[PDB]
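**Student:** Structure in structure tokens, see below.
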Amino acid sequence: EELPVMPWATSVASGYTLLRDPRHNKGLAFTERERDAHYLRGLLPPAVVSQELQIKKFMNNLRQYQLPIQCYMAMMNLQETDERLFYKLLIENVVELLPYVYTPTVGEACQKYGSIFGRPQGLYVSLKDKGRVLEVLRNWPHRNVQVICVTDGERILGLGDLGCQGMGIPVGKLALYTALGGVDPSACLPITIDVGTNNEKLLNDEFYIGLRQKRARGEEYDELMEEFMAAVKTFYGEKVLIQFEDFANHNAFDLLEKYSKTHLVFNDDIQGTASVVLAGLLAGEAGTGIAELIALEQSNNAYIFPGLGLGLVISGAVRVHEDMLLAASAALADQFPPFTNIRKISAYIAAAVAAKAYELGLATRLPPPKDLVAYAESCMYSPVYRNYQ
Amino acid sequence: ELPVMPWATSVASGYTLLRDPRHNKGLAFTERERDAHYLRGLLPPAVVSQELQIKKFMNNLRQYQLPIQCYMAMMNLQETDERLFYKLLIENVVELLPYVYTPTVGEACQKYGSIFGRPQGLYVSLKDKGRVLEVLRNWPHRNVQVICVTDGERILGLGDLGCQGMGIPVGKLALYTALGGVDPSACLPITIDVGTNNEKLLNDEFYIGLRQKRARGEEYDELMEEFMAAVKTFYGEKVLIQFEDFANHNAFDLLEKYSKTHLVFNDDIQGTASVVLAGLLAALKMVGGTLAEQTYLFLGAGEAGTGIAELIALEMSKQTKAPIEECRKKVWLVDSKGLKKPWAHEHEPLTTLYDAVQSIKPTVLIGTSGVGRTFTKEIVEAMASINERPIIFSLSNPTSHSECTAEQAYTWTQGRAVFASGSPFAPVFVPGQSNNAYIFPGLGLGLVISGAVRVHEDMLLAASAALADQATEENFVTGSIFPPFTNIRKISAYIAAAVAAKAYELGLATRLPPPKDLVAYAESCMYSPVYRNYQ
Amino acid sequence: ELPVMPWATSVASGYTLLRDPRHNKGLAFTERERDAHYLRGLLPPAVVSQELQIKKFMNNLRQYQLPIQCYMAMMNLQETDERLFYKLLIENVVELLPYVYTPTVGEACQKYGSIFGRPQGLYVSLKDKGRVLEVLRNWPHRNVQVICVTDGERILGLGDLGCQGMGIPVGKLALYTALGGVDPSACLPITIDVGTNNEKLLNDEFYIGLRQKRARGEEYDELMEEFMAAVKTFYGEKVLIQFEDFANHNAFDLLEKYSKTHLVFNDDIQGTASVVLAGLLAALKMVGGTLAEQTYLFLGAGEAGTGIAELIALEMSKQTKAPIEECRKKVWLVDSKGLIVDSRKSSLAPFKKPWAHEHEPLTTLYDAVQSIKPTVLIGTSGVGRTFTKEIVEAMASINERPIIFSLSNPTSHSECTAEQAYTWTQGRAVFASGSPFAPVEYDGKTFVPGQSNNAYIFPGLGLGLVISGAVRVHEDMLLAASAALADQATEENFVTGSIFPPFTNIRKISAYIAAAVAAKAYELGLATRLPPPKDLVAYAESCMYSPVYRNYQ
Amino acid sequence: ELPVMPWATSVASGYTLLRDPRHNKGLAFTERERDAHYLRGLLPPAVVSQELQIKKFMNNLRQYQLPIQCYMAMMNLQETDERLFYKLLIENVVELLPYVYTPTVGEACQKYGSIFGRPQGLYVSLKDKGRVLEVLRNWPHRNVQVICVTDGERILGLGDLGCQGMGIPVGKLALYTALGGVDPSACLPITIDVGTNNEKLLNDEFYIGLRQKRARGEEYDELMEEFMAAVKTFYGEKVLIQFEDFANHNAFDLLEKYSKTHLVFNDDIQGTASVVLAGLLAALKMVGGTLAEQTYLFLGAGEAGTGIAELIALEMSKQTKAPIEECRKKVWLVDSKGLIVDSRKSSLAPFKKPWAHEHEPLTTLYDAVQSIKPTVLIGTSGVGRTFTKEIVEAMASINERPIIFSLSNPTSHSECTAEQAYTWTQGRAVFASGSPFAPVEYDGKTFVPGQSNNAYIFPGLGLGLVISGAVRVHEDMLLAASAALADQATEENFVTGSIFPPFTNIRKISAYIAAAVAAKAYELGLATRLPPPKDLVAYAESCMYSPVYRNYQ
């Protein structure tokens with residue numbers, strides 16, 4: 001078409017290019033044959049160390065950090081250096097690590113985001129990108145995005161407006177879509193929309209990473225959000241999931257009402273909460289969201305969103321329907337069970353969500369497979385290291 | 001005839017640029033650099049200066065409870081934003097030296113397998129026999145100037161740490177860059193893995209080396225010969241090979257052999273001799289007297305022990321104009337068996353150090369035993385009884401292995417001792433650290449900038465005299481014989497100029513003709529870690 | 001469990017961008033693109049349009065004295081600026097087809113080693129046994145849609161050219177892209193090298209293949225089985241495997257076996273059948289008559305001869321509702337031993353047996369023409385000048401408008417020329433050839449003989465399978481393609497003597513063929529791209545690769 | 001403070017390796033190299049040596065009908081496999097010099113836009129004012145040793161070809177590599193585009209330059225000053241800047257100005273004087289006599305005529321220890337108005353005045369020959385057939401062995417042919433020409449007249465400057481190069497009539513010239529690679545780039 005394209009060059013990763021790619025880096029788990037074939041001989045010490053031994057070593061060091069924020073920083077650095085090791089470690093130690101990678105330590109990470117800023121994660125779209133949102137998306141090196149987790153940072157947990165530093169939440173949430181729901185991490189895209197912040201402490205902080213101005217509202221905000229949602233559809237198509245999160249309530253409801261008619265969209269604070277509380281049973285975002293779903297039919301949202309996201313992706317759903325939330329709740333209640341078997345739980349939720357998408361005529365991956373549970377499991381990302389040619 | 005690696009070059013942009021520690025500026029990339037290199041959106045909107053990034057990193061680093069955690073964060077920084085790492089290190093050298101170098105670097109080697117993070121340096125093992133050149137070809141920097149090589153057999157006073165000895169050459173080269181201005185892209189840390197005799201490491205599931213006992217004799221010699229031939233073939237005649245943390249017999253044999261055919265330096269032998277001699281020249285400028293009027297007694301007669309003693313005798317002969325054999329008579333050493341061959345003078349056989357202190361009556365006492373608490377209250381009180389201002393050097397590293405602490409040296413002598421240590425000590429009197437990092441960066445720079453092809457003993461004398469010339473009344477009043485590390489870049493420039501002048505004078509320099517102002521020339525050659533602006 | 005290749009991605013700039021034929025625009029990079037991708041100074045100041053670059057290339061190409069030199073310049077262009085190559089090919093298709101396809105491509109295969117330039121395609125040899133999957137992993141495009149594979153044993157009528165047979169699939173795929181709109185990044189030309197029986201090539205110091213005689217039997221079978229299993233493992237169930245230039249027994253065996261397990265077709269058998277049936281339907285629309293009323297006589301009874309005869313009998317059975325066995329009765333073929341007859345049955349190759357009707361033996365084509373009195377004569381012999389003056393005059397005595405197809409390639413192998421067909425029939429023959437012939441001036445008229453080029457069918461058939469997500473080729477898709485092409489042949493081309501529409505409107509023709517093939521895939525329950533779009537012609541067009549330059553960020 | 005380009009390095013493999021002309025070996029990659037660099041399957045099975053690739057290339061090249069087609073194939077090879085290009089060029093230098101260099105390179109400049117293929121060199125235009133350093137940063141080789149630059153105002157005898165003048169520095173640098181052993185990665189061809197006064201090019205839709213008239217004065221000066229400052233800033237004090245194909249006055253001004261601040265050579269001015277002086281020293285070695293004993297007469301008193309005359313007078317002053325003014329006394333020149341004499345001084349261009357000796361005015365060359373009775377006659381007029389039968393016969397009457405140099409280029413402009421020189425002197429002329437003539441059969445002998453090709457001198461001169469780390473060019477280095485080239489002319493070439501040794505041994509010749517130039521740099525205190533090696537010939541040879549393929553890890 002007429003729109004500009006990024007010219008991408010592809011080559012075999014070897015040497016430090018391979019060691020510095022978190023998607024391909026195995027660290028000391030590269031075998032002697034892989035080291036010889038990819039020009040790593042001498043760049044690594046002689047020992048070949050399995051994924052399991054690397055997990056053990058990482059957990060031993062992590063437990064020696066005095067502060068939870070230091071465990072969070074070591075986890076983010078791991079995610080951005082050896083992705084497969086990060087996901088396998090997270091899956092195997094989910095109960096111990098969820099408080100570090102997610103709530104509550106992820107909230108403290110957003111408060112201190114500027115001061116602890118390390119390896120770059122996610123994509124930032126600000127007011128300075130007006131008229132250029134598509135151009136910003138073209139810098140993202142993964143073409144086939146399936147799940148976007150987006151925030152404007154206005155309502156981070158119970159911590160309020162954390163502006164551009166709200167990025168820690170979509171980054172944390174997507175790690176859970178991968179670890180708990182098996183969504184491929186290369187298909188995940190955390191986004192922060194920076195329209196300024198009303199947080200005076202952050203506006204005075206020399207380490208703040210966002211636009212140093214008060215929060216845009218009304219038409220200026222609306223125009224950027226409309227350009228963003230149009231750019232996401234133009235570039236990623238009709239099937240991309242846009243998961244809104246940690247937006248202020250009036251905005252969260254307006255965004256959900258508007259974009260749920262034109263895109264595949266859901267708001268975990270409104271809909272995920274309503275779904276998990278209903279599954280449990282069997283006046284804001286949560287209060288009215290839950291009340292509505294009750295009338296229609298640990299309370300952690302991570303029991304529902306990973307399986308729900310997986311169910312939408314595997315069915316090629318183009319819209320989220322309230323009946324999918326009812327199906328996700330019934331599937332969870334049929335299984336609260338612990339987070340130790342979250343992958344099996346997510347497969348059952350994904351199969352129930354996918355079945356509803358087919359029944360409502362909202363699925364595009366046609367015809368539906370006969371066993372949706374086995375199909376969901378076959379689609380789940382496995383963080384076991386690959387063997388290299 | 002030899003195979004070559006086909007390298008492809010392209011403009012770094014996007015994540016390729018962000019993941020290259022040599023070019024990554026993090027949030028310091030300007031809006032124009034972000035637009036030009038496809039970073040827009042990959043980074044949050046703020047542009048954050050190198051100075052703000054230093055402040056942020058130091059704030060976080062000070063919150064780590066353990067020194068090893070500070071070391072780990074420093075290694076990760078070196079391997080993510082190297083300019084930031086070097087600028088931070090230079091500006092906070094006094095605070096950070098104990099974390100990036102001695103003593104924490106020793107603990108890093110002990111735990112190296114368990115804390116393994118980003119890959120650093122090059123490993124050459126017994127499995128690479130007949131393929132050493134092929135291994136060097138994998139190193140992505142063609143113009144190597146300084147190689148720091150070890151086999152991990154003598155790590156500080158911690159003994160055999162095998163392949164885990166890599167932490168020392170990695171730390172040493174960070175100091176050649178930060179303190180001496182050697183370009184980091186021209187630095188190559190190497191560990192030679194021939195196995196280890198450390199049974200705990202051989203049993204450790206996290207050990208990173210060959211899980212075998214050390215090779216010795218012909219098998220070892222053949223690998224070392226192939227390694228030294230490969231280094232000359234690939235990097236030429238002017239590459240500096242700095243040997244470090246080798247066991248004593250091996251260290252002396254390697255130095256004797258390769259100093260005739262390559263530009264080589266053994267920091268444990270020669271760097272130590274140079275820094276201690278400078279310390280002695282400075283101490284004599286603070287307390288009075290000459291080198292010839294002194295009586296020397298060493299505890300430990302290995303690399304450091306005989307290394308220092310040999311240079312003391314050399315400087316004494318240049319001043320007195322007398323033969324070196326005569327200058328050796330007033331220098332004594334005590335090994336594990338009691339009171340290497342040029343030092344065995346005619347004397348009654350004594351076993352304990354205390355009995356040697358009473359019989360010899362030294363004015364200078366130097367500890368290089370690698371054994372802790374060997375300088376007892378009795379020995380230090382005897383030194384204070386024999387001399388008005390006894391000169392005591394307790395050099396054994398790490399801190400637990402030190403012969404005595406600074407607190408002990410000043411308390412037992414009633415504040416009369418002239419103290420210097422190998423380990424970093426807190427003020428009591430500001431104890432001087434007889435740190436080799438005062439000499440090797442400037443010495444290394446001096447050899448590189450002059451295009452020296454051989455190290456000569458007179459360059460060690462020139463390096464010692466230039467460091468002593470930097471020790472003024474400003475540091476003497478505090479009780480420190482050495483100038484502080486705060487002005488290490490200026491000190492290194494003076495050392496480099498003195499070493500380069502010596503190379504030209506001896507006909508060993510190849511960068512001809514010599515520049516007129518060698519100090520200004522050394523400074524102009526020093527790597528600056530200020531961020532570059534990008535096209 | 002299987003090993004994977006670790007691929008690294010980065011923004012192409014400078015010489016990396018200039019040396020990538022997929023992104024290189026040469027002097028068409030704008031000043032803004034040059035600034036953004038570090039090209040400023042690497043190129044002279046002028047910005048030169050794709051249209052000006054086409055003109056400049058065509059000017060230079062017309063100055064080469066030898067057709068092989070035009071072919072070499074075309075291959076070098078394909079491997080330096082592929083968008084320019086495809087746009088130039090589409091715009092100058094009539095002029096360039098003889099250089100990039102038959103006949104020049106036959107000469108290119110004969111001289112392939114001596115003219116070897118930029119690497120094209122993938123070679124899988126006997127030395128790759130047990131490592132075929134590893135070889136496929138070196139191919140830098142993961143989502144392959146169309147594979148054109150050869151072992152080079154039957155190149156045109158030239159026989160065995162071994163590893164140098166690679167010129168054919170490379171040429172065919174450029175036509176799937178230029179004429180059918182298949183994305184070139186989704187095309188994969190493959191040569192399977194099992195050696196060659198060509199003694200001249202084995203003695204040639206410039207030969208590029210294994211310097212051995214052809215492997216046969218078990219060793220060959222095991223490599224082919226490993227190859228077909230590797231293609232399915234790596235590219236999935238929907239990849240199209242188009243077999244080409246295989247010798248006849250092998251071609252029929254490969255087609256019978258792999259058509260049950262993969263999406264396959266053999267262009268020499270099925271593609272030829274489909275274009276020739278379209279030509280016959282067009283000839284009958286031009287001159288009147290039905291398929292059933294005809295009497296057919298073929299010279300040559302191999303891949304093309306029997307493949308075409310089968311599709312004629314099949315189309316006839318659909319039109320008449322009669323059994324296919326009854327429809328084969330007025331179809332006759334002459335091989336190297338003479339007329340194929342019932343008395344010869346025991347010694348015939350199986351593909352010949354359905355055509356062995358009861359009849360006295362006849363040893364020459366002339367005798368077969370006089371005894372059988374065909375209304376349609378088709379040459380697929382590989383032997384030039386076999387449609388003699390006497391044979392063509394007998395056709396013109398037997399028929400008011402004899403239908404004569406001289407399909408053997410390259411040109412020197414044609415059974416007769418267009419000049420001969422029109423002169424020898426006093427301008428009454430309905431003529432078509434495999435080789436391009438110039439217009440013929442006869443009496444006061446100009447005759448433009450149609451070329452029964454497989455490229456009229458395979459690009460659209462390939463696109464139709466891809467866009468519908470077809471998992472199997474069905475014979476009814478070949479009939480749908482033939483009917484779609486014949487529907488494009490009108491009075492506009494008939495008035496000039498051409499039974500085919502010209503290649504100038506090939507993109508539109510391929511869209512109609514693709515839509516008819518895709519409709520057939522949906523109707524037969526063989527399509528996986530569900531649901532079918534309502535307008536399959538508009539859908540086919542929307543899927544076609546456009547070689548217009550992109551604008552770069 | 002200045003911005004830097006962030007460069008990323010990685011191991012080349014697959015198509016990245018095949019598309020890099022510096023590393024690409026084509027079919028010469030061994031099976032082990034193919035396995036190690038992910039090429040298995042990307043190439044056909046045969047491993048074909050560098051020698052076989054040279055043979056294959058030469059076979060194809062000889063089949064092109066047009067010389068420009070040979071040139072295009074050569075440029076495409078240079079930009080696909082440079083080691084193959086250089087090894088082929090070295091081995092076939094006599095045959096290929098007329099295609100890669102003069103005269104075909106001039107035709108290439110005239111048609112540069114219409115034949116534009118793979119990008120070569122760097123373009124700096126008026127649009128780059130204030131950004132010249134930024135343009136140099138896009139060049140992917142950091143350690144440039146030799147820059148060949150033009151503004152294309154005077155290409156051979158073809159005039160102003162503007163931006164299309166790039167073909168000359170590209171050709172000249174291929175010769176610094178092939179003939180002199182300068183590493184090609186250290187060579188940088190540059191065209192400065194300030195517009196063109198060529199109306200045919202400004203009207204040509206395929207012109208590649210700024211479509212404007214040529215800038216002059218301050219605008220031109222400011223770009224040239226920024227360019228020369230950028231070259232020093234980025235490449236240092238030791239980079240060689242070789243000016244070429246500039247108009248006479250501009251070339252003079254640029255050489256006078258930048259010779260004081262940079263390492264600067266103008267091949268047209270300085271290389272020409274050096275090669276003709278070498279021819280004269282060799283002619284005198286062949287037939288006997290000294291420079292001082294000769295009487296010189298030139299037809300043409302321009303850049304070449306006066307440049308050569310000055311270098312002859314300079315060498316004569318060194319040999320005799322006499323002032324150069326005394327050495328100019330037996331050197332005479334005839335311009336378009338006749339003999340340059342003292343009485344004409346008021347109307348002469350200042351550069352002609354040192355040659356205006358006292359003498360009666362003479363209007364024809366014939367009268368000048370009869371009156372002056374030269375022993376040496378040199379044609380630098382640009383006017384063909386001005387060395388008439390009468391003139392050549394008079395030279396043979398005056399001298400037993402007349403030395404006749406007909407240096408005007410191309411052969412159509414030559415003052416006389418080799419056939420004419422030998423016939424008109426009964427085989428007694430010592431003849432050389434600027435352009436090649438075929439051997440001459442006269443009496444029972446074969447005469448091979450030598451050519452005053454600048455390519456004999458500049459490769460070795462450039463190498464001599466590079467290897468010694470010279471910071472300035474001195475006129476004595478030109479004398480050392482001439483003496484070194486003449487020393488290579490032996491009885492082996494004299495017996496055939498050639499005063500120059502053949503180009504077949506050019507690598508050895510260049511090593512001797514390089515050693516003599518380097519020795520001169522050390523002697524004059526202009527060399528920085530200190531101390532000088534003891535054997536400068538062996539040192540020059542050890543520095544020469546060898547185009548034999550590397551083995552890959």
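Identifiers in the structure tokens: chain A, B, ... in order shown; residue index from 1 per chain; ligand index from 1 in order shown.
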Name all residues at most 12 Å from residue 59 (chain B) (count only C-alpha atoms; drop same-chain ones fewer than 3 positions away) and give them as a VMD selection string.

**Tutor:** (chain A and resid 112 115 to 116 207) or (chain B and resid 52 to 56 62 to 64 70 88)

**Student:** As a ChimeraX atom specification, list the residues of region 47-288 of chain A assigned to alpha helix (DSSP H) by DSSP on the backbone atoms of this structure.

**Tutor:** /A:51-62,68-79,83-92,94-101,105-111,133-137,168-181,200-204,219-236,249-259,273-281,285-288

**Student:** Output the contact residues of chain D with respect to chain A at a cut-off of 10 Å, based on only C-alpha atoms, as number ranges by chain.

**Tutor:** D: 8-17, 35-38, 553

**Student:** Give the answer as one residue: which of C:386, C:264, C:436, C:416 has the shortest atom-to-atom distance to residue 461 (chain C), using only C-alpha atoms?

**Tutor:**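 Of all the options, C:264 lies closest to residue 461 (chain C).
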
**Student:** I'd like to know which of B:265, B:476, B:220, B:15 is closest to chain D, using only C-alpha atoms.

**Tutor:**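 Among B:265, B:476, B:220, B:15, it is B:15 that comes nearest to chain D.
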
**Student:** Could you name the residues that touch residue 111 (chain D) at 12 Å or less, counting only C-alpha atoms, but leaving out those on the same chain fewer than 2 positions away, as number ranges by chain?

**Tutor:** C: 56, 59-60; D: 68-69, 71-72, 104-109, 113-117, 158, 161-167, 200-201, 204-208

**Student:** Residues near region 405-415 of chain C, anyone? I mean within 6 Å using only C-alpha atoms, not counting same-chain ones fewer than 4 positions away, as a list in words.

**Tutor:**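 Surrounding residues, per the criterion: residues 103, 156, 157, 378, 379, 380, 382, 383, 384, 385, 386, 387, 431, 432, 433, 434 and 435 of chain C.
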